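quick one, fold the following:
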Amino acid sequence: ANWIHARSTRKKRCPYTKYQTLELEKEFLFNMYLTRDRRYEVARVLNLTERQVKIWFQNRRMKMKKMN
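Numbers count the residues shown, from 1 in each chain. Dropping the coordinates below:
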């Protein structure tokens, strides 16, 4: 977890929390896009930054753009 068993860090299956993915999936339904309104409120409940959440979705797309 730190050095005794820490080794693979390029995997990350689903070490996320239910709350985090909750807000992420809630918007994907209707709020397909991210606006200052959502980014702000969702950042207050997810304890993230207005840009942190936006950049999160953006990056996820870029990797799919340039592909592997």
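
enumerate every residue touching residue 53.
Residues in contact with residue 53 (Cβ atoms under 8 Å, 6 or more residues apart in numbering) are 34, 39, 42-43, 46. No exception for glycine: its C-beta is placed from N, CA and C like everyone else's.

show me which pair in those residues is furthest apart.
34 and 46 (12.6 Å; Cβ to Cβ).

circling back to that earlier point, out of the contacts of residue 53, list just those in helices.
Per DSSP state H, helices hold the following members of the contacts of residue 53: 39, 42-43.

and of those, the nearest to residue 65?
The closest of the ones in helices among the contacts of residue 53 to residue 65 turns out to be residue 39 (Cβ to Cβ; 21.1 Å).

pretty sure that closest one sits against residue 46.
No. Counting by Cβ atoms under 8 Å, residue 46 is not a contact partner of residue 39; they are 10.3 Å apart.

one step back: could you dump the ones in helices among the contacts of residue 53 into JSON lines with neighbour count and distance to residue 18 added?
Shown next, in JSON lines, are those (neighbours: other Cβ atoms under 10 Å; distance: Cβ to Cβ, whole Å):
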{"residue": "39", "neighbour count": "19", "distance to residue 18": "21"}
{"residue": "42", "neighbour count": "19", "distance to residue 18": "15"}
{"residue": "43", "neighbour count": "17", "distance to residue 18": "18"}
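
and these as TSV, adding distance to residue 10?
Output for the ones in helices among the contacts of residue 53, formatted as TSV (distance: Cβ to Cβ, whole Å):
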residue	distance to residue 10
39	28
42	28
43	27
